[PDB]
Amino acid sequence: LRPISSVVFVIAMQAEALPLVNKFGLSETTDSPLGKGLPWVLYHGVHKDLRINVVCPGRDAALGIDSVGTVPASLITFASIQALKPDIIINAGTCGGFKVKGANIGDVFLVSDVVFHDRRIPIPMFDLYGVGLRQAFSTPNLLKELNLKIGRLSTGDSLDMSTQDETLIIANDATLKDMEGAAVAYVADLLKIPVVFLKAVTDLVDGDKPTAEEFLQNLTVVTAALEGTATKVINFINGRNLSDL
């Protein structure tokens, strides 16, 4: 009955956030509400029955690059939920895709469920824990109306892929590969907040181009594709309750 009134986006790279920030005329938060001295970046605004916040892990103090990976994504997810109390979290970002699973460069995917491929604990019941299978929040009307591809996401802290990473990714029949998604899901689960994922394919994992080269090659164009979908997602959510999608 209660319509959604607050959405938080978790975005690992500032360059990925800006197109969205601009589209909705969000402004950069200036008062460090999640903690003094942190590198994190927050953008806030209202549109129109929705509060919108976009949080980023920010840059490494020493090295200057975006603080990608599961640990920072978990912290900002935790901190933003506790400060802002959103109705729903959306982790938006780029990812690798498998052509064999129907993924094409530029595709923006909704996520059915998520796993980790780099948390291997070979004791029964710890094994399941490491893999961390979690379902994204059910959004069938959004899926239908926006006509998005959907598949399983597999997460780990490496941009390349080890043999053992591949083994787990395949065993879990993942379509998509990223560096934050399963950890955002773990935190959303822990704090009982619906989570949805938008994952935009920059590189083909089963393809013939090197991962880092292809990722970097397509980042800009694919991020604009990600913006277009995230914009339609916000517009759809507005005025709806969680049951509506």
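Residue positions are given as counts along the sequence shown, with the first one as 1. Heads up, when I say rigid core I mean the largest set of C-alphas that superpose within 1.5 Å between the two forms.
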Is 202 to 210 or 50 to 58 the stretch whose C-alphas end up farther from this model in 4 other deposited structures of this protein after a rigid core fit?
202 to 210
Kindly name the stretch, out of 217 to 225 and 14 to 22, whose CA atoms are displaced more from this form in 4 other deposited structures of this protein after the core superposition?
217 to 225
Output the stretch having the higher mean C-alpha B factor in the entry; the candidates are 209 to 217 and 176 to 184.
209 to 217
98 to 106 set against 73 to 81, stretch whose average Cα temperature factor tops the other in the entry:
98 to 106
In terms of CA temperature factor as recorded, identify the highest of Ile170, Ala92, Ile123, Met161.
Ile123
Against its chain's modelled residues, does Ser5's Cα B factor rank lowest, middle or highest third?
middle
What third of its chain, lowest, middle or highest, does the C-alpha temperature factor of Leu133 fall into?
middle
Third assignment of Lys199 from its chain's C-alpha B-factors:
lowest
Using the temperature factors of the C-alpha atoms in this entry, rank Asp113 within its chain: lowest, middle or highest third.
middle
Position of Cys56 among the chain's modelled residues by C-alpha B-factor, lowest, middle or highest third:
lowest
